[PDB]
Amino acid sequence: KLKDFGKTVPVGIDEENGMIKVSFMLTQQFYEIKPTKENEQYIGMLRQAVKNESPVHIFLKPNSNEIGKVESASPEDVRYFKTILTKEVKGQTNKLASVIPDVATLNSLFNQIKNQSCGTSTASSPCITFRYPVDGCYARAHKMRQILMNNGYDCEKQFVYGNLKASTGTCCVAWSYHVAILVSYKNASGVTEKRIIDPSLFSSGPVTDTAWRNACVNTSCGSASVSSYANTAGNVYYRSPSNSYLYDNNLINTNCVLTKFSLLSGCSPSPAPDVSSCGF
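Residue numbering for the sequence shown follows PDB author numbering, beginning at 20 and increasing consecutively.
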């Protein structure tokens, strides 16, 4: 009766209104487990796995984000997750400019990125699923970075974490973290500034990281607060709260996730469809 969610690493466990909210690596979605006598051991397993950044096997109640069972990971699972979620930092191998020369070029890059939005005739496949804010922010950000790279530029990522909520203007989503590209450019006086580019939240253009994080704590959606943020090299696909990095150097995961979410829009389906198939 339970849905096999597969193996993953829990990265947060946070109590709210009679329910325990669990966050996992990569996915931006919250999962929940009820603090009942019968869930007491599953909850302990999750708490220990969060502490130690170790994998577990997750089973969900059908058609929900509710955890029904947690099973231990094998020594093989432990070995694998250590290889992919790593402190072994490795930077971009291609030579690129880390600073965009002027705001005109920043704006051009913004337009090129927005032109790749799913639902616009200018976009090529796989299009960037900005209109589907439920999950996949990591893939959207890596695809935005690819556009910069196609222009000869690199950038940073900013990962923001917490009890996040955002509105599309018609509906709200909840996230354990969000990520977008943080682009450095020279202003009119030649001073380097940074802006976030994130058409899933700001359709008009680049915005300050302060404004961006504020949009991730939209209290019109309910309770919200930021717990942390971290800037990373652009090549980081996902950063855990323990400062481990996951990479997607050939955009294998990125393209697979974008392809899966291509026709999705709005705040449903939630949970998002399974992208476990994707790999790297």
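Idealized CB from N, CA, C, for every residue including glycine.
From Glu212 to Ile166, what distance separates their C-alpha atoms?
About 20 angstroms.
On the DSSP bridge assignment, give the partners of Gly31 in chain order.
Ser42
Can you check the segment 62–103 for any alpha helix (DSSP H) of at least 4 residues that lies completely inside it and give the ranges in chain order?
94–103
Provide the residue span of the alpha helix (DSSP H) that contains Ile166, from first to last.
Membership of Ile166 in the alpha helix (DSSP H) is indicated by the continuous run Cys156 to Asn169.
If I measure Cβ to Cβ from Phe129 and keep anything under 7 angstroms in the same chain, skipping five residues before and after, which residues do I get?
The answer, listed in chain order, is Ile216, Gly224 and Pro225.
Are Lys176 and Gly253 touching if we call contact CB-CB under 8 angstroms?
yes
So, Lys22 versus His76, is the Cβ gap smaller than 8 angstroms?
Their beta carbons are not under 8 angstroms apart, which means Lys22 does not touch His76 by this criterion.
Express the C-alpha separation of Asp96 and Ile103 in angstroms, rounding to a whole number.
11 angstroms
When DSSP builds the beta bridges, which residues end up paired with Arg258?
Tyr264
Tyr248 and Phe299 look like a contact to me (Cβ under 8 angstroms); what is the Cβ gap, rounded to whole Å?
With a Cβ gap of about 25 angstroms, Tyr248 and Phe299 do not count as contacting.
State yes or no: is the C-beta of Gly31 within less than 8 angstroms of the C-beta of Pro290?
no
Counting only the same chain and skipping the five closest in sequence on each side, list residues whose C-beta sits under 7 angstroms from that of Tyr157.
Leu45, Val198, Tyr256 and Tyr257
Is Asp173 helix, strand or coil by DSSP?
In the structure shown, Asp173 adopts coil according to DSSP, grouped into three states.
Looking only at its chain, what residues have a beta carbon closer than 8 angstroms to the beta carbon of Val28, apart from the 5 residues adjacent to it on each side?
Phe43, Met44, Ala68, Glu72, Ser73, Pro74, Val75, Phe100, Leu104 and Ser259
Starting from the C-beta of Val118, find all residues in its chain whose C-beta is less than 7 angstroms away, skip the five residues before and the five after it, and write them out in chain order.
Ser203, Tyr204, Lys205 and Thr211
Pull the bridge partners of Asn182 from the DSSP assignment, please.
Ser244
Can you grab the Cα-Cα spacing for the pair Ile200 / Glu57, in whole Å?
42 angstroms
Quick one: measure Cβ to Cβ for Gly138 and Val276, integer angstroms, because I've assumed they're closer than 8 angstroms.
At roughly 17 angstroms, the Cβ-Cβ gap does not stay under 8 angstroms, so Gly138 and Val276 are not in contact.
Compute the Euclidean distance between the alpha carbons of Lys40 and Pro288, then round it to the nearest angstrom.
19 angstroms
In chain order, what residues of the same chain lie with their CB nearer than 8 angstroms to the CB of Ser239, ignoring the 5 residues before and after it?
Within the same chain, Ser239 has close Cβ partners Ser186 and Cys191.
Can you tell me whether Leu265 is buried or exposed, with buried defined as 16 or more other CB within 10 angstroms of its CB?
buried
May I have the straight-line CA-CA distance separating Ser91 from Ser284, to the nearest angstrom?
35 angstroms
Three-state secondary structure (DSSP) at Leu201?
strand
Under the rule that 16 or more other beta-carbon atoms within 10 Å means buried, what is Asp293, buried or exposed?
exposed
Sorry if obvious, but does the Cβ on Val122 come closer than 7 angstroms to a heavy atom of the ligand NAP?
Only the bare structure without any ligand can be found here, which leaves the ligand NAP out of the picture.
Which ranges would you report for the beta strand (DSSP E) in the segment 210–240 if only whole runs of at least 3 residues count?
Whole beta strand (DSSP E) segments, 3+ residues: 211–216.
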